[PDB]
Amino acid sequence: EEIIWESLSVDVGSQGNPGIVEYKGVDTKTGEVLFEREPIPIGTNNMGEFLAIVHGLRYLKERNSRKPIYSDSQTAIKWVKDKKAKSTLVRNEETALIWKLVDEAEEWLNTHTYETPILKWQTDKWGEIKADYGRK
RNA sequence: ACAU
DNA sequence: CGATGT
Ligand SMILES: [K+]
Ligand SMILES: [K+]
Ligand SMILES: [K+]
Ligand SMILES: [Mg+2]
Ligand SMILES: [Mg+2]
């Protein structure tokens, strides 16, 4: 503890896993939605969580903001730190789009810098992350 | 087991 | 109940 209220919170939403994947980013203090990704027909929860963090890094850098990012995904936080999304999702024609976005997000991480702290949202102490979709 |  | 991940 405790919550850094001056932050951006991100989360994935899906219809199936693998299935249709979307994500959004919100102001932790207010819940204002700051970005939302158009649904991607097939992806995994963890690919979506990864894309959401990277989009948040890009969003904050473009705006010269030093705010931290909260994610509830141990996996996606590690993948961003490693600059490598270690997804098991088959690469085929159906999954081409999500894998293109994941590849492009890795490419961005490998060509840009950032100081943004990427913090674990402590769901067991604080309840659901503010960017949650309410689908569970 | 933990995080989704 | 099923799936994605460390
Ligand atoms: K949900
Ligand atoms: K959760
Ligand atoms: K498991
Ligand atoms: Mg989540
Ligand atoms: Mg959620």
Side-chain angles (χ1 to χ4, degrees):
Chain A
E1 281 244 25
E2 67 189 60
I3 294 161
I4 297 168
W5 286 104
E6 189 173 312
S7 58
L8 172 71
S9 293
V10 302
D11 198 15
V12 71
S14 89
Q15 299 165 230
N17 183 33
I20 302 172
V21 164
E22 65 196 307
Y23 69 72
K24 69 180 188 277
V26 310
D27 180 309
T28 305
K29 183 203 321 292
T30 65
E32 180 188 4
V33 179
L34 301 175
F35 56 83
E36 282 187 280
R37 168 66 212 197
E38 162 181 300
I40 300 154
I42 299 169
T44 68
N45 64 328
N46 293 322
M47 291 159 106
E49 300 267 24
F50 173 76
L51 294 173
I53 298 172
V54 178
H55 193 75
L57 290 171
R58 294 179 76 165
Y59 177 93
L60 293 171
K61 185 174 180 75
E62 176 73 28
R63 289 161 180 76
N64 290 320
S65 175
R66 286 176 51 81
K67 282 171 177 183
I69 294 167
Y70 277 116
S71 167
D72 67 19
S73 176
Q74 186 180 114
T75 295
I77 293 170
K78 181 187 193 293
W79 287 358
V80 172
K81 176 179 185 182
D82 294 343
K83 305 189 180 203
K84 177 49 73 174
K86 202 176 125 190
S87 179
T88 68
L89 184 67
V90 59
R91 284 186 185 257
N92 61 29
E93 191 166 77
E94 269 181 47
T95 67
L97 176 52
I98 192 93
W99 267 117
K100 180 171 190 289
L101 295 172
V102 168
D103 293 341
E104 288 167 350
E106 289 173 353
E107 179 59 28
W108 189 89
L109 292 173
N110 287 327
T111 52
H112 297 76
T113 64
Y114 66 82
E115 294 179 18
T116 304
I118 299 170
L119 309 177
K120 179 66 175 68
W121 181 263
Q122 294 175 52
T123 305
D124 55 337
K125 303 177 184 179
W126 305 338
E128 286 276 16
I129 194 165
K130 302 309 180 176
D132 183 51
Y133 279 79
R135 300 173 176 186
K136 321 191 310 170

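Both backbone and side-chain heavy atoms feed into the values below; hydrogens, waters and symmetry mates do not. Chain letters run A, B, ... following the sequence lines, proteins first and then strands; every chain starts at 1.
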Colleague: Under 4.5 Å side-chain heavy-atom separation, chaining through any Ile, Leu, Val, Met, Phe, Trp or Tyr, what else clusters with A:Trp121? Say none if it is isolated.
Modeller: A:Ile3, A:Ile4, A:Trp5, A:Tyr70, A:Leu119, A:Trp126, A:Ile129
Colleague: Considering residues at least two apart in sequence or located in another chain, which fulfil the ring pair (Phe, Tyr, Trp, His ring centres under 6.0 Å) criterion with A:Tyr114?
Modeller: none
Colleague: Salt bridge check, A:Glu104 against A:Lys100: does any charged N sit closer than 4.0 Å to a carboxylate O?
Modeller: yes
Colleague: What is the separation between atom CD on A:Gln74 and atom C1' on B:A3, rounded to the nearest whole Å?
Modeller: 4 Å
Colleague: Check the distance between B:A3's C1' and A:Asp132's CG and give it to me in whole angstrom.
Modeller: 14 Å
Colleague: State whether A:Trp79 places a side-chain N or O below 4.0 Å from either non-bridging phosphate oxygen (OP1 or OP2) of C:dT6.
Modeller: yes
Colleague: So, is A:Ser73 near the phosphate of C:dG5, with a side-chain N or O under 4.0 Å from OP1 or OP2?
Modeller: no
Colleague: In whole angstroms, how far is the P atom of B:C2 from the CD1 atom of A:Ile77?
Modeller: 17 Å
Colleague: Please determine whether a side-chain nitrogen or oxygen atom of A:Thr88 lies at a distance below 4.0 Å from atom OP1 or OP2 of C:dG5.
Modeller: yes
Colleague: Determine the contact category for A:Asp72: base if any of its heavy atoms lies under 4.0 Å from a base atom, sugar-phosphate if only primed atoms, P, OP1 or OP2 are that close, otherwise nothing.
Modeller: sugar-phosphate
Colleague: Could you give the CG-to-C1' distance, from A:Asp11 to B:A3, as a whole number of Å?
Modeller: 12 Å
Colleague: Where does the angle between the aromatic ring planes of A:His55 and A:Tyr23 fall among parallel (under 30°), tilted (30 to 60°) and perpendicular (over 60°)?
Modeller: tilted
Colleague: Whole Å only: how far is the CD1 atom of A:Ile53 from the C1' atom of B:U4?
Modeller: 12 Å
Colleague: Nearest whole Å is fine: how far is C:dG5 P from A:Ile98 CD1?
Modeller: 10 Å
Colleague: Give a yes/no on whether any side-chain N or O of A:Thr123 is located under 4.0 angstrom from OP1 or OP2 of B:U4.
Modeller: yes
Colleague: A:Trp121 has an atom CH2; how far is it from atom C1' of B:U4, in whole Å?
Modeller: 16 Å
Colleague: Would you compute the distance between atom OG of A:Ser71 and atom CD1 of A:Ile77 and round it to the nearest 0.5 angstrom?
Modeller: 4.5 Å
Colleague: Please confirm whether the shortest side-chain N or O distance from A:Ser87 to OP1 or OP2 of C:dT4 is below 4.0 Å.
Modeller: no
Colleague: Taking only side-chain N and O atoms of A:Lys120, does any of them lie within less than 4.0 angstrom of OP1 or OP2 on B:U4?
Modeller: yes
Colleague: Using whole Å, report how far CG of A:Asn45 lies from P of C:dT6.
Modeller: 11 Å
